[PDB]
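Heads up: the structure comes next, in structure tokens.
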Amino acid sequence: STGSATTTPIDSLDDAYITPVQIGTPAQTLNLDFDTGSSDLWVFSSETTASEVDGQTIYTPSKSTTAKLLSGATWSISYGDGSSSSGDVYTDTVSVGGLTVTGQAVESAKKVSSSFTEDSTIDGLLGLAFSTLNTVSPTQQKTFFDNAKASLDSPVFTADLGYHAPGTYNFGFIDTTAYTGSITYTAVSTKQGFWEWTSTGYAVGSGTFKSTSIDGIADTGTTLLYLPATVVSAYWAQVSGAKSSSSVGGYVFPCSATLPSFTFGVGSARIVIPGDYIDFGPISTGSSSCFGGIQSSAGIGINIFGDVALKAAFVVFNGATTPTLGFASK
């Protein structure tokens with residue numbers, strides 16, 4: 001079996017992507033943020049504190065004939081941006097683009113932090129990292145991908161994110177028409193629960209490629225590309241007036257600049273991020289300072305190949321016994 005669903009940017013900056021997901025019987029369609037950097041499928045629900053819900057569509061397990069309380073199970077998760085959520089757990093039928101998993105753990109939010117409440121278009125998250133990161137206690141739960149895996153034609157999912165445009169998440173197959181050239185596969189470490197891999201280097205604009213190992217995670221749930229301070233300073237040094245601002249929380253550049261491209265290595269292959277993908281617009285409306293799409297990973301503890309990088313490629317998340325990541329130009 002296979003699944004295919006369209007993913008759409010939530011705003012004019014590609015701050016996040018939402019993908020419709022059907023939950024329960026009759027179906028309740030929620031728009032979830034597919035996140036390869038977490039492993040919990042959680043939703044805004046009829047149990048979420050009324051003052052913490054602002055425009056979101058909620059999951060009502062009492063209206064689903066297939067919902068069952070996962071008795072005693074609770075979840076509690078904190079994300080790198082400081083946001084958090086917690087609640088109880090149900091099992092229900094979950095379908096993504098025609099691919100159905102019965103008995104999927106659906107983590108109902110009892111509490112969400114302000115960052116979740118204010119994103120009216122995001123009804124929850126669908127975790128696609130390894131199930132070892134799942135926060136369900138005392139019985140740890142499997143992701144939608146993990147649960148679907150045996151039924152899939154191929155144990156894979158692919159992320160084809162668009163730049164200011166919709167894209168696609170495919171499950172169980174590789175669409176050979178969605179990319180050009182070949183897909184370069186690279187080793188994955190599952191030791192921290194992430195799609196953690198090693199980039200072979202980088203180039204800034206038309207500059208020469210520097211062969212250097214950069215460990216990092218392929219994370220659809222992170223908007224920007226976070227890399228070591230050395231790499232990020234070398235990129236922003238090519239943009240006149242660009243500087244790192246402590247008041248803004250990162251690198252900004254004059255909105256009048258035309259940004260150079262950024263190339264990252266995947267084995268002997270190269271993925272080119274056009275300069276336009278690195279422009280996140282004015283820091284505040286009307287501002288002449290624009291926010292950079294490439295930021296330092298210094299305060300995080302891990303390098304993150306977020307949407308800025310992933311949207312420049314057709315990306316394969318190979319969940320076979322020995323997991324690998326595939327990258328192709330598109």
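Chain labels A, B, ... are given in the sequence in which chains occur in the structure tokens; within each chain residues are numbered consecutively from 1, and ligands are likewise numbered from 1 in the order shown.
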
* To do: Would you list the contacts of residue 26 of chain A as an NGL selection string, taking every protein, DNA or RNA residue within 8 Å and counting only C-alpha atoms, but skipping same-chain residues closer than 5 positions in sequence?
  => :A and (63-65)

Atoms kept (N, CA and C atoms) for selection, written as a tab-separated table (two decimals), in the first residue's frame:
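Generated file (out_21.tsv):
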chain	number	residue	atom	x	y	z
A	63	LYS	N	-16.84	11.56	19.26
A	63	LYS	CA	-17.60	11.45	18.02
A	63	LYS	C	-17.06	10.39	17.05
A	64	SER	N	-16.00	9.67	17.45
A	64	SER	CA	-15.39	8.66	16.62
A	64	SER	C	-15.73	7.29	17.14
A	65	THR	N	-16.39	6.47	16.30
A	65	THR	CA	-16.76	5.10	16.66
A	65	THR	C	-15.55	4.17	16.80

* Could you write out, as a PyMOL selection string, all the residues of segment 50-128 of chain A that DSSP marks as alpha helix (DSSP H)? -> chain A and resi 114-118

Those same residues - N, CA, C and O atoms - I'd like them written as a PDB file, in the first residue's frame.
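Generated file (result_21.pdb):
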ATOM      1  N   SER A 114       1.811  28.985  24.415  1.00  0.00           N
ATOM      2  CA  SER A 114       1.359  30.114  23.600  1.00  0.00           C
ATOM      3  C   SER A 114       1.750  30.037  22.118  1.00  0.00           C
ATOM      4  O   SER A 114       0.965  30.456  21.260  1.00  0.00           O
ATOM      5  N   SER A 115       2.940  29.499  21.813  1.00  0.00           N
ATOM      6  CA  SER A 115       3.396  29.380  20.427  1.00  0.00           C
ATOM      7  C   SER A 115       2.451  28.512  19.602  1.00  0.00           C
ATOM      8  O   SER A 115       2.229  28.800  18.422  1.00  0.00           O
ATOM      9  N   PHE A 116       1.900  27.447  20.217  1.00  0.00           N
ATOM     10  CA  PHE A 116       0.958  26.589  19.509  1.00  0.00           C
ATOM     11  C   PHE A 116      -0.377  27.311  19.337  1.00  0.00           C
ATOM     12  O   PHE A 116      -0.865  27.412  18.214  1.00  0.00           O
ATOM     13  N   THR A 117      -0.934  27.866  20.433  1.00  0.00           N
ATOM     14  CA  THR A 117      -2.192  28.610  20.400  1.00  0.00           C
ATOM     15  C   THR A 117      -2.276  29.679  19.290  1.00  0.00           C
ATOM     16  O   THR A 117      -3.319  29.820  18.657  1.00  0.00           O
ATOM     17  N   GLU A 118      -1.195  30.441  19.073  1.00  0.00           N
ATOM     18  CA  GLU A 118      -1.208  31.532  18.105  1.00  0.00           C
ATOM     19  C   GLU A 118      -1.112  31.083  16.646  1.00  0.00           C
ATOM     20  O   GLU A 118      -1.437  31.869  15.754  1.00  0.00           O
TER      21      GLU A 118
END

Proximity check segment 159-260 of chain A to segment 67-89 of chain A, 12 Å, nearest pairs one decimal Å, only C-alpha atoms, as JSON lines:
{"residue": "A:219", "atom": "CA", "partner": "A:80", "partner_atom": "CA", "distance": 11.9}
{"residue": "A:221", "atom": "CA", "partner": "A:79", "partner_atom": "CA", "distance": 10.1}
{"residue": "A:222", "atom": "CA", "partner": "A:81", "partner_atom": "CA", "distance": 9.2}
{"residue": "A:223", "atom": "CA", "partner": "A:81", "partner_atom": "CA", "distance": 10.9}
{"residue": "A:224", "atom": "CA", "partner": "A:81", "partner_atom": "CA", "distance": 11.9}
{"residue": "A:249", "atom": "CA", "partner": "A:81", "partner_atom": "CA", "distance": 11.9}

Can you write out the residues you just picked, keeping N, CA, C and O atoms, as an mmCIF file, in the first residue's frame?
data_model
loop_
_atom_site.group_PDB
_atom_site.id
_atom_site.type_symbol
_atom_site.label_atom_id
_atom_site.label_comp_id
_atom_site.auth_asym_id
_atom_site.auth_seq_id
_atom_site.Cartn_x
_atom_site.Cartn_y
_atom_site.Cartn_z
ATOM 1 N N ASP A 219 15.296 17.806 9.203
ATOM 2 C CA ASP A 219 14.154 18.121 10.040
ATOM 3 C C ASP A 219 13.090 18.978 9.357
ATOM 4 O O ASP A 219 13.195 20.207 9.362
ATOM 5 N N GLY A 221 10.240 19.816 10.458
ATOM 6 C CA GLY A 221 9.563 20.636 11.444
ATOM 7 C C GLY A 221 10.315 21.869 11.908
ATOM 8 O O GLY A 221 9.818 22.602 12.763
ATOM 9 N N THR A 222 11.512 22.105 11.370
ATOM 10 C CA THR A 222 12.308 23.300 11.666
ATOM 11 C C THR A 222 12.291 24.144 10.391
ATOM 12 O O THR A 222 12.484 23.601 9.313
ATOM 13 N N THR A 223 11.973 25.433 10.499
ATOM 14 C CA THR A 223 11.835 26.300 9.331
ATOM 15 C C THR A 223 13.186 26.604 8.620
ATOM 16 O O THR A 223 13.260 26.595 7.391
ATOM 17 N N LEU A 224 14.233 26.883 9.398
ATOM 18 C CA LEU A 224 15.500 27.362 8.881
ATOM 19 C C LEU A 224 16.636 26.358 8.871
ATOM 20 O O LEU A 224 16.500 25.240 9.364
ATOM 21 N N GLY A 249 17.691 38.171 17.466
ATOM 22 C CA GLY A 249 17.871 36.754 17.751
ATOM 23 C C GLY A 249 18.563 35.981 16.640
ATOM 24 O O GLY A 249 18.390 34.763 16.518
#

* Asked: Contacts of residue 122 of chain A at 9 Å or less, counting only C-alpha atoms, minus same-chain residues fewer than 6 places along, as a list in words?
  ->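 The residues that qualify are residues 10, 16, 17, 18, 30, 31, 32, 33, 44, 56, 57 and 116 of chain A.
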
* Write out as a PyMOL selection string all residues of segment 3-67 of chain A that backbone DSSP assigns to strand (DSSP E). => chain A and resi 3-9+17-23+28-35+41-44

For those residues, write C-alpha atoms to a file as a CSV table (one decimal), in the first residue's frame.
chain,number,residue,atom,x,y,z
A,3,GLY,CA,-0.1,7.2,0.5
A,4,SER,CA,0.3,10.6,-1.1
A,5,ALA,CA,-0.6,13.9,0.4
A,6,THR,CA,-0.1,17.6,-0.5
A,7,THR,CA,1.7,19.8,2.0
A,8,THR,CA,1.0,23.6,1.9
A,9,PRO,CA,3.0,26.5,3.5
A,17,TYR,CA,3.9,23.3,6.1
A,18,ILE,CA,0.5,21.8,6.9
A,19,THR,CA,-0.8,18.4,5.5
A,20,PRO,CA,-4.4,17.2,5.9
A,21,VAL,CA,-4.8,14.1,8.0
A,22,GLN,CA,-7.9,12.1,8.5
A,23,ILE,CA,-8.6,10.9,12.1
A,28,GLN,CA,-12.2,14.3,11.2
A,29,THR,CA,-9.7,16.2,9.0
A,30,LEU,CA,-7.0,18.1,10.8
A,31,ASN,CA,-4.1,20.0,9.3
A,32,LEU,CA,-0.9,18.7,10.9
A,33,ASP,CA,2.7,19.8,10.7
A,34,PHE,CA,4.7,16.8,9.5
A,35,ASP,CA,7.8,16.8,11.7
A,41,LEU,CA,1.3,12.6,16.7
A,42,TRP,CA,-0.5,15.1,18.8
A,43,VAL,CA,-3.6,17.2,18.1
A,44,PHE,CA,-5.7,20.0,19.5

* **Who sits within 10 Å of residue 283 of chain A, only C-alpha atoms, same chain under 2 positions skipped, as a PyMOL selection string** => chain A and resi 248+252-253+255+280-281+285-292

* Can you pull out every residue within 8 Å of residue 263 of chain A, counting only C-alpha atoms, but drop anything in the same chain fewer than 6 positions away, and send it as a ChimeraX atom specification? => /A:202-205,270-273

* Asked: Which is closer to residue 267 of chain A than all the others in A:302, A:187, A:125, A:174, using only C-alpha atoms?
  ->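 Of A:302, A:187, A:125, A:174, the one nearest residue 267 of chain A, counting only C-alpha atoms, is A:187.
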
* When distances are computed from only C-alpha atoms, which of A:282, A:162, A:193, A:293 shows the smallest separation from residue 261 of chain A? ->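 Between A:282, A:162, A:193, A:293, the residue approaching residue 261 of chain A most closely is A:293.
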
* Asked: Which one of A:310, A:320, A:251, A:191 sits closest to residue 150 of chain A if you count only C-alpha atoms?
  ->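 Of the candidates, the smallest distance to residue 150 of chain A is held by A:320.
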
* Using only C-alpha atoms, determine which residues lie at most 6 Å from residue 227 of chain A, disregarding the query and same-chain residues fewer than 6 positions distant; provide the list as a list in words. =>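 In the requested format, the answer is residues 296, 297 and 303 of chain A.
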
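Across the model, the gap from atom CA of residue 159 of chain A to atom CA of residue 178 of chain A is 10.4 Å.
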
* For residue 46 of chain A, please output as an MDAnalysis selection string all residues within 9 Å (counting only C-alpha atoms; exclusion window: fewer than 6 positions along the same chain). => chainID A and resid 58:62 108:110

* Of the residues A:25, A:130, A:217, A:123, which is the one nearest to residue 301 of chain A, using only C-alpha atoms? ->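 Under the stated criterion, the closest residue is A:217.
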
* Interatomic distance between atom CA of residue 14 of chain A and atom CA of residue 312 of chain A? ->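 Distance reported for this atom pair: 12.7 Å.
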
* Given only C-alpha atoms as the counted atoms, nearest of A:309, A:225, A:128, A:136 to residue 156 of chain A ->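 Ranking A:309, A:225, A:128, A:136 by distance to residue 156 of chain A, first place goes to A:128.
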
* Asked: Mind pulling up the distance from atom CA of residue 66 of chain A to atom CA of residue 36 of chain A?
  ->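 We find that atom CA of residue 36 of chain A and atom CA of residue 66 of chain A lie 26.8 Å from each other.
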